[PDB]
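Chemist: Submitted below is the structure of interest, expressed as structure tokens.
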Amino acid sequence: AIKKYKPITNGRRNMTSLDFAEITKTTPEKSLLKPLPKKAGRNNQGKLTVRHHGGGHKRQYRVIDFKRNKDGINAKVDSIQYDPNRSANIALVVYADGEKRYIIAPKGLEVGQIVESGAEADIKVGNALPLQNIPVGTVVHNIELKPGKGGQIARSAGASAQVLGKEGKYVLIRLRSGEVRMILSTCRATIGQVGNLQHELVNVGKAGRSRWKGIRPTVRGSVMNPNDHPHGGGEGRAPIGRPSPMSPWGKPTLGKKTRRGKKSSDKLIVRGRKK
Amino acid sequence: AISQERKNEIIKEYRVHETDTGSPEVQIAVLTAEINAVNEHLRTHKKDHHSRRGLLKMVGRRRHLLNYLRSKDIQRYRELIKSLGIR
RNA sequence: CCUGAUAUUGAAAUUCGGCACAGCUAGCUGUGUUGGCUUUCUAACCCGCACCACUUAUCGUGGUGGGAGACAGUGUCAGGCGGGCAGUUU
RNA sequence: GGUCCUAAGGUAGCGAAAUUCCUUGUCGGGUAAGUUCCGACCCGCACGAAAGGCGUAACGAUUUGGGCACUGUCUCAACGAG
RNA sequence: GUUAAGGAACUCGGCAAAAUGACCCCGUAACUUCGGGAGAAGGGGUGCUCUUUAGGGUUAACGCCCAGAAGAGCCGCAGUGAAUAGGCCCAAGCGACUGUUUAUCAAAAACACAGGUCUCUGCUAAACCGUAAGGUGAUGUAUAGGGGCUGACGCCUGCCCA
RNA sequence: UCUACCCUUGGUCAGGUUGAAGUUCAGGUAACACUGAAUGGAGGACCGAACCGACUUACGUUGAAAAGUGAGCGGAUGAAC
RNA sequence: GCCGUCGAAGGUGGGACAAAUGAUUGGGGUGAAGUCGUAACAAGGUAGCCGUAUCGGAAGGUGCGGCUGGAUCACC
RNA sequence: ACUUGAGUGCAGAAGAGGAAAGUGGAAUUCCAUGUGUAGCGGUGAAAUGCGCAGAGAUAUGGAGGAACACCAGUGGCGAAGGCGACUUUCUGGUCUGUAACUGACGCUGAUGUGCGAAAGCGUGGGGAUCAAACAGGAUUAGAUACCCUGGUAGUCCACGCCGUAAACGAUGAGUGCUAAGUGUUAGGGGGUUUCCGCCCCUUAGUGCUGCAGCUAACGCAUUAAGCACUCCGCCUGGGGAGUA
RNA sequence: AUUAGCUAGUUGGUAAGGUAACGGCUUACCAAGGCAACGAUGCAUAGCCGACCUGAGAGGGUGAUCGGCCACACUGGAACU
Ligand SMILES: [Mg+2]
Ligand SMILES: [Mg+2]
Ligand SMILES: [Mg+2]
Ligand SMILES: [Mg+2]
Ligand SMILES: [Mg+2]
Ligand SMILES: [Mg+2]
Ligand SMILES: [Mg+2]
Ligand SMILES: [Mg+2]
């Protein structure tokens with residue numbers, strides 16, 4: 001779980017780490033790594049879009065198979081490694097063709113697993129097979145959205161989904177945010193819940209390791225004089241004085257919905273969100 | 001639990017005396033074959049406590065048989081400690 | 001930004017109202033014409049959807065699929081929010 | 001307890017405060033002597049619960065009052081060197 | 001640079017100076033998040049010469065460098081004898097901390113912060129730059145991303161929807 | 001080419017000091033298993049130069065310098081330069 | 001007569017325990033009941049009581065568990 | 001050396017004794033459409049409220065979470081707190097009959113240590129019903145009161161704590177002992193074992209009625225509050241006070 | 001016992017010195033012990049026995065004159081015959 005710390009310093013007063021007991025073979029595989037230069041919000045004009053980014057520690061992207069091809073070949077699981085680009089851990093499967101690849105690792109996985117559409121396809125944790133071939137009440141993750149595209153929905157650490165039922169051409173999926181939604185019946189799904197479940201209790205504990213992860217400070221609005229934030233200065237501290245708290249570009253940020261009338265999402269979203 | 005087709009084997013390798021189903025030797029040997037098997041239930045299950053009252057009960061029974069055995073035989077008391085590992 | 005009206009924009013339907021009074025007992029029936037709501041099919045259009053060629057380029061165009069489909073994107077017009085921004089008065 | 005009215009019409013906790021005009025509030029401690037300081041009272045001109053309320057070990061080239069130590073800052077100045 | 005007697009009486013204010021300063025020892029309170037407080041405070045000893053003995057490594061060993069104990073003795077006003085090196089204590093106020101700020105009259109009690117919440121986003125995501133193409137968000141996908149307020153930890157956060 | 005964040009590739013920090021997790025041995029355990037002694041070398045940790053800053057004060061103010069020198073002062077294995 | 005070991009009293013400093021005292025301050029018993037309500041003992045008119053929370057001027061009221069030391073007809 | 005106490009072996013049953021994992025039925029609430037439509041509720045009386053924008057009634061639908069009708073009774077079990085749908089793997093103790101077995105191996109327990117009904121708290125999930133706090137209508141001279149539709153922390157699970165109650169049989173444990181009748185539950189003794197027929201007995205829990213005895217009285221009375229033995233815990237007028 | 005730890009020359013050998021003699025009796029190198037829930041250590045109250053008082057006795061309360069023993073001399077040390 002989480003290994004705690006003892007308050008020898010005011011920095012390490014309440015800091016709490018995440019114990020690396022589910023990591024085997026800590027060195028990577030030197031044929032599936034691709035370089036990853038950073039950018040802090042610097043698009044193809046050099047300007048600054050999205051704020052609060054940049055710096056920290058160098059990384060190196062690790063090529064992940066989200067497609068789950070190579071039908072009907074038994075894949076062992078060798079070693080469970082660490083991945084900095086994302087919240088889950090990672091796996092190193094070996095297909096019997098000697099084609100070593102990476103899989104995002106579900107909850108308990110060391111044994112050896114199968115990808116096949118409908119042969120028997122062996123519904124267990126780690127096996128990917130399309131949603132027409134999955135019985136109901138079955139916790140899946142890493143679903144595709146468009147057929148043959150690649151697994152998109154629910155890829156986090158400790159995330160999941162749930163197949164509810166089967167409609168006339170689609171299936172019916174309950175997502176992690178609590179939003180029932182129709183997905184086409186030939187999208188794949190890994191069966192299981194993705195591992196590394198103790199992730200959101202990692203108390204960072206210090207403004208320095210919240211700072212070498214690629215985060216910069218975020219100055220509040222009411223301390224900017226009114227050239228650049230609609231919560232401008234005033235003498236002393238001040239209540240906001242608007243009918244609605246505003247983002248730094250005029251739009252009200254506290255309450256107003258933002259999505260627009262969109263193609264192939266109104267006829268599919270049955271229930272909305274629950275928050 | 002231990003069955004009564006395998007409990008009888010526990011007696012035979014601890015027969016310093018001949019044809020005795022109850023001794024300061026043989027039931028103590030049976031109790032250890034349960035303590036080593038109750039305490040492996042009690043390294044998988046922990047919320048129960050009625051077993052952990054039977055666990056406390058059986059050992060203090062042996063601590064009275066062993067303290068009787070200290071006060072009869074000099075080299076049989078020390079043998080039974082050395083034979084199973086139990087103190 | 002939001003929302004209508006038409007253009008690109010086609011067929012199949014099923015009901016529901018305004019006329020028209022067509023039957024001639026407030027409401028029935030059923031034809032000639034008008035405006036809708038829906039429902040389904042594919043031929044435009046659309047895909048930051050899969051292999052395949054130009055090519056030993058995750059750009060592009062060309063090609064059988066699979067999705068979505070006369071809605072969306074877009075052009076003209078019209079209404080409503082709009083100190084996010086401008087010109088000035090006090 | 002009566003009664004007017006408002007959409008209900010200041011709860012726990014703090015209180016002459018970085019918040020109190022009059023005011024140098026008032027009684028206690030500190031000094032030979034204390035408009036500043038510390039502990040209390042509460043009649044809050046006008047504290048108050050995420051423009052957070054009340055406490056707090058550790059940390060400060062922070063701000064305010066009192067002790068020992070040391071001294072030309074001082075009573076009171078004099079001499080010498082570049 | 002030094003100074004008789006006195007030592008904050010000076011002054012907006014102990015401002016500038018003066019004292020404390022090294023190593024080796026004995027000893028150390030309230031208070032607390034049990035790590036801290038703590039160099040807490042208050043104290044003692046150090047120089048040179050001579051006699052004995054126990055301590056590593058190097059080496060066949062005389063030889064060489066590293067050291068610590070008691071005892072005996074000598075001299076000066078003074079033995080880290082010159083230069084270099086913390087003053088400390090009691091009680092409050094604001095901010096938890098290290099950090100960062102007005103290049104050149106303001107370094108803070110302001111800004112950040114780790115944590116608490118609230119709301120928006122089902123993926124060609126919302127958001128932002130750009131008339132558009134293209135990009136950032138991300139080769140990430142609700143344990144993840146953009147924004148509003150409060151600012152560790154502890155105990156808590158009361159009524160009103162005209 | 002100064003400064004403000006920022007991307008890719010390098011460089012630099014004398015020394016000395018406390019002693020976090022763990023691991024091993026011993027003591028008790030066989031109950032609910034926790035005390036000591038060694039070893040290990042943790043940290044926006046403490047004292048201090050280079051190095052980076054600019055708190056108090058005196059001088060300078062037709063300056064030696066359109067922002068500085070004298071005595072002191074803070075950070076110094078990182079949110080560093 | 002001088003030198004040295006041991007040595008009361010004195011002076012310096014941080015603590016440890018009781019006692020005397022102190023602006024205000026919180027409950028407690030005492031009376032005499034004037035002030036405000038009836039919470040128990042009859043089924044005391046909402047049956048009481050023991051733990052444990054939360055609210056109110058005032059006894060106290062409600063929630064979740066246990067007890068009869070619970071009338072009627074003892075709640076068949 | 002002895003075998004009545006205490007322990008095991010073998011022969012046998014009765015269990016809501018625990019702990020993980022599945023699985024099943026009936027009711028409550030909320031979402032989808034119809035037929036349908038002015039009332040549904042609530043009450044000493046009434047409303048506040050939901051409804052006419054189509055509520056309740058009424059059907060299929062599907063979403064959840066929680067308890068576990070009938071058996072169910074005096075029954076059972078665990079040292080207590082307590083434990084009632086079913087199936088599965090793992091897991092303690094008690095009892096009946098005794099051929100066996102070493103041969104007093106005991107009882108009590110100051111500190112220690114481990115389980116503890118509910119409420120409450122900490123960090124995470126999930127939230128139908130009931131529902132402190134809370135707003136509302138009237139009952140009241142006054143009303144959180146009692147009464148009514150609403151309602152959050154909480155209720156359920158996993159982990160770590162706090163340990164109190166009318167935690168009660170208001171009766172501490174251990175051994176032997178002394179008039180008897182009547183039930184009930186799981187076992188053993190005498191029958192052709194008549195099957196829930198029967199009486200005849202012996203042992204262990206479980207309730208009722210009742211001598212001698214003891215008691216202030218009530219009432220216990222073989223499961224003693226009787227006669228004795230051992231060891232432990234506590235009390236010494238009522239408040240002040242389980243407070244400082 | 002609403003006080004649980006306590007002494008450090010403290011516990012012991014050894015050495016020579018030291019008083020009528022034994023002696024941590026006072027000093028020196030080594031050695032790891034003393035005491036303790038059977039009350040060790042620390043506070044407030046006290047001269048103590050033979051006897052006096054009361055009591056059916058067992059016990060409770062007392063310590064004066066009278067005898068035995070003990071300590072002290074306005075206060076705190078140290079000696080000499
Ligand atoms: Mg303007
Ligand atoms: Mg200091
Ligand atoms: Mg201090
Ligand atoms: Mg775009
Ligand atoms: Mg500089
Ligand atoms: Mg600067
Ligand atoms: Mg009970
Ligand atoms: Mg509970």
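Ordering of the structure tokens sets the chain letters (A, B, ...); residue numbers start at 1 within each chain; ligands are numbered from 1 in the order shown.
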Could you give me, as a PDB file with C-alpha atoms (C1' of nucleotides), in the first residue's frame, the residues within 10 Å of stretch 52-58 of chain B, counting only C-alpha atoms (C1' of nucleotides) and dropping anything in the same chain fewer than 6 positions from it?
Modeler:
```pdb
ATOM      1  CA  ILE B  28       1.446 -32.979  23.421  1.00  0.00           C
ATOM      2  CA  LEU B  31      -1.559 -30.604  20.119  1.00  0.00           C
ATOM      3  CA  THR B  32       1.376 -29.256  18.109  1.00  0.00           C
ATOM      4  CA  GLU B  34      -3.180 -28.633  15.545  1.00  0.00           C
ATOM      5  CA  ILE B  35      -1.347 -25.486  16.706  1.00  0.00           C
ATOM      6  CA  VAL B  38      -4.958 -23.660  13.581  1.00  0.00           C
ATOM      7  CA  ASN B  39      -2.310 -20.908  13.213  1.00  0.00           C
ATOM      8  CA  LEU B  42      -5.129 -17.757  11.523  1.00  0.00           C
ATOM      9  CA  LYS B  46      -8.393 -12.796  11.103  1.00  0.00           C
TER      10      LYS B  46
ATOM     11  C1'   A F  31      -0.010 -14.870  23.087  1.00  0.00           C
TER      12        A F  31
ATOM     13  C1'   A H  79     -17.509 -18.086  28.767  1.00  0.00           C
ATOM     14  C1'   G H  92     -13.540 -24.053  17.905  1.00  0.00           C
ATOM     15  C1'   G H  93     -16.165 -26.275  21.852  1.00  0.00           C
ATOM     16  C1'   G H 114      -7.465 -10.697  24.809  1.00  0.00           C
ATOM     17  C1'   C H 115     -12.614 -10.613  22.837  1.00  0.00           C
TER      18        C H 115
END
```
Chemist: Define the interface residues of chain F facing chain A as those within 8 Å, counting only C-alpha atoms (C1' of nucleotides), and report them as a PDB file with N, CA and C atoms (P, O5', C5', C4', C3', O3' and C1' of nucleotides), in the first residue's frame.
Modeler:
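Result file is part-v5.pdb:
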```pdb
ATOM      1  P     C F   6      10.411  28.180 -16.533  1.00  0.00           P
ATOM      2  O5'   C F   6      10.371  27.880 -18.087  1.00  0.00           O
ATOM      3  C5'   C F   6       9.204  27.380 -18.709  1.00  0.00           C
ATOM      4  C4'   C F   6       9.390  27.332 -20.196  1.00  0.00           C
ATOM      5  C3'   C F   6      10.432  26.355 -20.681  1.00  0.00           C
ATOM      6  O3'   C F   6       9.960  25.032 -20.745  1.00  0.00           O
ATOM      7  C1'   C F   6      10.768  28.437 -21.723  1.00  0.00           C
ATOM      8  P     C F   7      10.845  23.864 -20.121  1.00  0.00           P
ATOM      9  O5'   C F   7      11.536  23.237 -21.394  1.00  0.00           O
ATOM     10  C5'   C F   7      10.744  22.559 -22.347  1.00  0.00           C
ATOM     11  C4'   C F   7      11.330  22.622 -23.728  1.00  0.00           C
ATOM     12  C3'   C F   7      12.636  21.897 -23.938  1.00  0.00           C
ATOM     13  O3'   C F   7      12.485  20.497 -24.070  1.00  0.00           O
ATOM     14  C1'   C F   7      12.724  24.007 -24.972  1.00  0.00           C
ATOM     15  P     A F  20      18.224   7.228  13.346  1.00  0.00           P
ATOM     16  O5'   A F  20      16.981   7.385  12.367  1.00  0.00           O
ATOM     17  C5'   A F  20      15.909   8.266  12.665  1.00  0.00           C
ATOM     18  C4'   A F  20      14.888   8.264  11.556  1.00  0.00           C
ATOM     19  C3'   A F  20      14.558   6.901  10.970  1.00  0.00           C
ATOM     20  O3'   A F  20      13.612   6.158  11.715  1.00  0.00           O
ATOM     21  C1'   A F  20      15.085   8.340   9.227  1.00  0.00           C
ATOM     22  P     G F  43      16.811  11.725   0.427  1.00  0.00           P
ATOM     23  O5'   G F  43      16.566  13.108   1.143  1.00  0.00           O
ATOM     24  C5'   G F  43      15.273  13.678   1.124  1.00  0.00           C
ATOM     25  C4'   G F  43      14.924  14.286   2.449  1.00  0.00           C
ATOM     26  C3'   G F  43      14.997  15.801   2.480  1.00  0.00           C
ATOM     27  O3'   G F  43      13.940  16.335   3.260  1.00  0.00           O
ATOM     28  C1'   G F  43      16.488  14.879   4.078  1.00  0.00           C
ATOM     29  P     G F  44      12.955  17.425   2.616  1.00  0.00           P
ATOM     30  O5'   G F  44      13.908  18.372   1.784  1.00  0.00           O
ATOM     31  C5'   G F  44      14.294  19.622   2.313  1.00  0.00           C
ATOM     32  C4'   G F  44      14.487  20.646   1.233  1.00  0.00           C
ATOM     33  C3'   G F  44      14.449  22.091   1.685  1.00  0.00           C
ATOM     34  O3'   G F  44      15.701  22.534   2.159  1.00  0.00           O
ATOM     35  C1'   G F  44      13.128  21.791  -0.272  1.00  0.00           C
ATOM     36  P     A F  45      15.861  23.096   3.649  1.00  0.00           P
ATOM     37  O5'   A F  45      15.535  21.852   4.568  1.00  0.00           O
ATOM     38  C5'   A F  45      16.536  20.887   4.829  1.00  0.00           C
ATOM     39  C4'   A F  45      16.611  20.538   6.286  1.00  0.00           C
ATOM     40  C3'   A F  45      17.782  21.142   7.042  1.00  0.00           C
ATOM     41  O3'   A F  45      17.548  22.459   7.492  1.00  0.00           O
ATOM     42  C1'   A F  45      17.753  18.847   7.413  1.00  0.00           C
ATOM     43  P     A F  79      13.859  20.465  -4.660  1.00  0.00           P
ATOM     44  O5'   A F  79      13.532  21.390  -5.914  1.00  0.00           O
ATOM     45  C5'   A F  79      12.220  21.894  -6.136  1.00  0.00           C
ATOM     46  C4'   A F  79      12.239  23.236  -6.826  1.00  0.00           C
ATOM     47  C3'   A F  79      13.407  24.129  -6.427  1.00  0.00           C
ATOM     48  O3'   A F  79      13.852  24.932  -7.528  1.00  0.00           O
ATOM     49  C1'   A F  79      11.383  25.195  -5.879  1.00  0.00           C
TER      50        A F  79
END
```
Chemist: Could the residues that lie within 10 Å of ligand 8, counting only C-alpha atoms (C1' of nucleotides) and all ligand atoms, be listed as a list in words?
Modeler: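 The residues near ligand 8 are residues 117, 118, 119, 120 and 155 of chain H.
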Chemist: Please produce an output containing N, CA and C atoms (P, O5', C5', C4', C3', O3' and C1' of nucleotides) for each residue in the selection, written as a PDB file, in the first residue's frame.
Modeler:
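And here is the file that came out, selection_14.pdb:
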```
ATOM      1  P     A H 117     -19.935  -5.875  20.446  1.00  0.00           P
ATOM      2  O5'   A H 117     -21.416  -5.403  20.731  1.00  0.00           O
ATOM      3  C5'   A H 117     -22.488  -6.293  20.501  1.00  0.00           C
ATOM      4  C4'   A H 117     -23.803  -5.671  20.869  1.00  0.00           C
ATOM      5  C3'   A H 117     -24.135  -4.343  20.219  1.00  0.00           C
ATOM      6  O3'   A H 117     -24.551  -4.475  18.875  1.00  0.00           O
ATOM      7  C1'   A H 117     -24.798  -4.350  22.499  1.00  0.00           C
ATOM      8  P     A H 118     -23.785  -3.667  17.724  1.00  0.00           P
ATOM      9  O5'   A H 118     -24.275  -2.163  17.910  1.00  0.00           O
ATOM     10  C5'   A H 118     -25.565  -1.763  17.485  1.00  0.00           C
ATOM     11  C4'   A H 118     -26.126  -0.668  18.354  1.00  0.00           C
ATOM     12  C3'   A H 118     -25.579   0.726  18.125  1.00  0.00           C
ATOM     13  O3'   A H 118     -26.144   1.366  16.996  1.00  0.00           O
ATOM     14  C1'   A H 118     -25.665   0.286  20.435  1.00  0.00           C
ATOM     15  P     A H 119     -25.221   2.243  16.019  1.00  0.00           P
ATOM     16  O5'   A H 119     -25.040   3.618  16.796  1.00  0.00           O
ATOM     17  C5'   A H 119     -26.158   4.393  17.205  1.00  0.00           C
ATOM     18  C4'   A H 119     -25.761   5.397  18.257  1.00  0.00           C
ATOM     19  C3'   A H 119     -24.631   6.337  17.885  1.00  0.00           C
ATOM     20  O3'   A H 119     -25.046   7.442  17.106  1.00  0.00           O
ATOM     21  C1'   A H 119     -24.203   5.420  20.005  1.00  0.00           C
ATOM     22  P     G H 120     -24.192   7.880  15.822  1.00  0.00           P
ATOM     23  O5'   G H 120     -22.813   8.409  16.412  1.00  0.00           O
ATOM     24  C5'   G H 120     -22.757   9.557  17.243  1.00  0.00           C
ATOM     25  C4'   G H 120     -21.412   9.695  17.921  1.00  0.00           C
ATOM     26  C3'   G H 120     -20.212   9.817  17.005  1.00  0.00           C
ATOM     27  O3'   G H 120     -20.057  11.111  16.457  1.00  0.00           O
ATOM     28  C1'   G H 120     -19.730   8.255  18.685  1.00  0.00           C
ATOM     29  P     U H 155     -23.071   4.283  10.310  1.00  0.00           P
ATOM     30  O5'   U H 155     -24.336   3.332  10.168  1.00  0.00           O
ATOM     31  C5'   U H 155     -24.997   2.819  11.314  1.00  0.00           C
ATOM     32  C4'   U H 155     -26.417   2.423  10.995  1.00  0.00           C
ATOM     33  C3'   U H 155     -26.588   1.259  10.030  1.00  0.00           C
ATOM     34  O3'   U H 155     -26.628   0.019  10.718  1.00  0.00           O
ATOM     35  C1'   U H 155     -28.047   3.076   9.460  1.00  0.00           C
TER      36        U H 155
END
```
Chemist: Give me the residues near residue F:57 as a PyMOL selection string, where near means some atom within 12 Å (using only C-alpha atoms (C1' of nucleotides)) and where sequence neighbours in that chain fewer than 3 positions away do not count.
Modeler: (chain E and resi 15-17) or (chain F and resi 70-73)
Chemist: For the residues selected in the previous step, produce a file with C-alpha atoms (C1' of nucleotides) as a PDB file, in the first residue's frame.
Modeler:
```
ATOM      1  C1'   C E  15      20.924  53.261  15.906  1.00  0.00           C
ATOM      2  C1'   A E  16      26.365  52.418  15.516  1.00  0.00           C
ATOM      3  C1'   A E  17      30.267  50.327  18.555  1.00  0.00           C
TER       4        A E  17
ATOM      5  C1'   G F  70      34.185  49.745   3.773  1.00  0.00           C
ATOM      6  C1'   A F  71      32.214  46.792   8.267  1.00  0.00           C
ATOM      7  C1'   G F  72      28.771  43.413   9.350  1.00  0.00           C
ATOM      8  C1'   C F  73      24.121  39.945   6.977  1.00  0.00           C
TER       9        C F  73
END
```
Chemist: With 7 Å as the cut-off and only C-alpha atoms (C1' of nucleotides) counted, what is the closest atom pair between each nearby residue of chain A and chain D? Distances in Å to one decimal, ordered by chain and number, as a tab-separated table.
Modeler:
```
residue	atom	partner	partner_atom	distance
A:237	CA	D:51	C1'	6.2
A:238	CA	D:51	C1'	5.1
A:239	CA	D:51	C1'	4.4
```
Chemist: Just to confirm, what's the straight-line distance from atom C1' of residue H:125 to atom CA of residue A:105 in Å (one decimal)?
Modeler: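 Between these atoms lies a distance of 22.6 Å.
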Chemist: What does the distance between atom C1' of residue H:65 and atom CA of residue A:173 come to in Å, to one decimal place?
Modeler: 20.7 Å
Chemist: Could you list, as an MDAnalysis selection string, all protein and nucleic acid residues with an atom at most 12 Å from ligand 7, counting only C-alpha atoms (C1' of nucleotides) and all ligand atoms?
Modeler: (chainID G and resid 65:67) or (chainID H and resid 80:82 117:118 165:169)
Chemist: Have a look at atom CA of residue A:131 and atom CA of residue A:183 and let me know their distance in Å, one decimal.
Modeler: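 Computing the Euclidean distance for atom CA of residue A:131 and atom CA of residue A:183 yields 8.7 Å.
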Chemist: Using only C-alpha atoms (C1' of nucleotides) and all ligand atoms, which residues have at least one atom no more than 10 Å from ligand 3? Output them as an NGL selection string.
Modeler: :E and (29-31 or 37-38 or 40-41 or 89-90)
Chemist: Run DSSP on the backbone and give me the residues of stretch 114-255 of chain A it puts in strand (DSSP E or B), as a PyMOL selection string.
Modeler: chain A and resi 114-115+128+140-141+143-144+151-153+162-166+170-174+180-184+190-191+194+246+252
Chemist: Output N, CA and C atoms for every residue in that selection, as a short mmCIF file (atom, residue, chain, number, x, y, z; two decimals), in the first residue's frame.
Modeler:
```cif
data_model
loop_
_atom_site.label_atom_id
_atom_site.label_comp_id
_atom_site.auth_asym_id
_atom_site.auth_seq_id
_atom_site.Cartn_x
_atom_site.Cartn_y
_atom_site.Cartn_z
N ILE A 114 -4.77 -14.50 -23.54
CA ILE A 114 -5.21 -14.80 -24.91
C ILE A 114 -5.99 -13.62 -25.46
N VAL A 115 -5.76 -13.30 -26.73
CA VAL A 115 -6.59 -12.37 -27.48
C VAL A 115 -7.18 -13.14 -28.65
N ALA A 128 -8.96 -9.91 -24.21
CA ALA A 128 -9.69 -8.90 -24.95
C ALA A 128 -10.47 -9.54 -26.09
N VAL A 140 -15.33 -4.47 -17.40
CA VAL A 140 -14.33 -4.34 -18.45
C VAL A 140 -13.64 -2.99 -18.33
N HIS A 141 -12.50 -2.88 -19.01
CA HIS A 141 -11.81 -1.60 -19.11
C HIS A 141 -11.12 -1.54 -20.46
N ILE A 143 -11.92 0.17 -23.29
CA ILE A 143 -12.86 -0.11 -24.36
C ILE A 143 -12.42 0.64 -25.61
N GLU A 144 -12.74 0.11 -26.79
CA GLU A 144 -12.63 0.95 -27.97
C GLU A 144 -13.88 1.81 -28.12
N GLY A 151 -8.05 1.26 -28.08
CA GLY A 151 -8.78 1.35 -26.83
C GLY A 151 -8.67 2.73 -26.22
N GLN A 152 -9.81 3.35 -25.93
CA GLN A 152 -9.81 4.74 -25.50
C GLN A 152 -10.40 4.95 -24.11
N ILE A 153 -11.61 4.48 -23.86
CA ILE A 153 -12.31 4.82 -22.63
C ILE A 153 -11.80 3.96 -21.48
N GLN A 162 -18.72 -1.14 -17.00
CA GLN A 162 -19.65 -2.23 -16.72
C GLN A 162 -20.59 -2.40 -17.90
N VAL A 163 -20.63 -3.60 -18.47
CA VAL A 163 -21.62 -3.90 -19.49
C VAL A 163 -22.98 -4.07 -18.83
N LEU A 164 -23.98 -3.32 -19.28
CA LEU A 164 -25.31 -3.54 -18.72
C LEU A 164 -26.12 -4.53 -19.55
N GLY A 165 -26.41 -4.19 -20.80
CA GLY A 165 -27.28 -5.02 -21.61
C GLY A 165 -26.92 -4.94 -23.07
N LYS A 166 -27.78 -5.44 -23.94
CA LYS A 166 -27.51 -5.45 -25.38
C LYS A 166 -28.74 -4.96 -26.10
N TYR A 170 -26.24 -1.88 -30.79
CA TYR A 170 -25.18 -1.43 -29.91
C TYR A 170 -25.14 -2.32 -28.68
N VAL A 171 -24.30 -1.95 -27.72
CA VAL A 171 -24.35 -2.51 -26.37
C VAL A 171 -24.57 -1.33 -25.46
N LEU A 172 -24.60 -1.55 -24.15
CA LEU A 172 -24.91 -0.47 -23.22
C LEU A 172 -23.91 -0.52 -22.09
N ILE A 173 -23.13 0.55 -21.93
CA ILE A 173 -21.98 0.58 -21.04
C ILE A 173 -22.21 1.64 -19.98
N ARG A 174 -21.99 1.29 -18.71
CA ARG A 174 -21.94 2.28 -17.64
C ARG A 174 -20.49 2.66 -17.40
N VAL A 180 -24.43 6.29 -18.56
CA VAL A 180 -24.79 5.18 -19.43
C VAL A 180 -24.72 5.64 -20.88
N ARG A 181 -24.24 4.77 -21.76
CA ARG A 181 -23.79 5.19 -23.08
C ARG A 181 -23.73 3.99 -24.01
N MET A 182 -24.16 4.17 -25.26
CA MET A 182 -24.16 3.09 -26.23
C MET A 182 -22.87 3.07 -27.04
N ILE A 183 -22.28 1.88 -27.16
CA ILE A 183 -21.06 1.64 -27.93
C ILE A 183 -21.37 0.56 -28.95
N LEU A 184 -20.79 0.68 -30.15
CA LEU A 184 -21.00 -0.28 -31.23
C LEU A 184 -20.52 -1.67 -30.82
N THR A 190 -10.82 -5.17 -22.83
CA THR A 190 -10.09 -5.99 -21.88
C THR A 190 -11.01 -6.29 -20.71
N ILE A 191 -11.00 -7.53 -20.23
CA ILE A 191 -11.81 -7.91 -19.08
C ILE A 191 -11.00 -7.66 -17.81
N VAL A 194 -8.24 -2.23 -13.95
CA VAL A 194 -6.83 -1.88 -14.11
C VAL A 194 -6.19 -1.64 -12.75
N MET A 246 -15.75 34.47 -12.63
CA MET A 246 -15.35 34.36 -14.02
C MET A 246 -13.92 33.85 -14.17
N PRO A 252 -18.23 32.84 -17.52
CA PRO A 252 -18.51 32.36 -16.17
C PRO A 252 -18.13 30.90 -16.01
#
```
Chemist: Hey, which bits of chain F sit within 9 Å of ligand 5, and for each residue what's the closest pair of atoms and how far apart in Å (one decimal), counting only C-alpha atoms (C1' of nucleotides) and all ligand atoms, rows by chain and increasing number, as JSON lines?
Modeler:
```
{"residue": "F:52", "atom": "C1'", "partner": "ligand 5", "partner_atom_place_in_ligand_line": "1 (Mg)", "distance": 8.0}
{"residue": "F:53", "atom": "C1'", "partner": "ligand 5", "partner_atom_place_in_ligand_line": "1 (Mg)", "distance": 6.4}
{"residue": "F:54", "atom": "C1'", "partner": "ligand 5", "partner_atom_place_in_ligand_line": "1 (Mg)", "distance": 7.5}
```
Chemist: List all protein, DNA and RNA residues that have at least one atom no more than 9 Å from any atom of ligand 4, counting only C-alpha atoms (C1' of nucleotides) and all ligand atoms, and write them as a ChimeraX atom specification.
Modeler: /E:124,134-135
Chemist: List all protein, DNA and RNA residues that have any atom at most 10 Å from ligand 1, counting only C-alpha atoms (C1' of nucleotides) and all ligand atoms, and write the list as a ChimeraX atom specification.
Modeler: /C:83,85-88
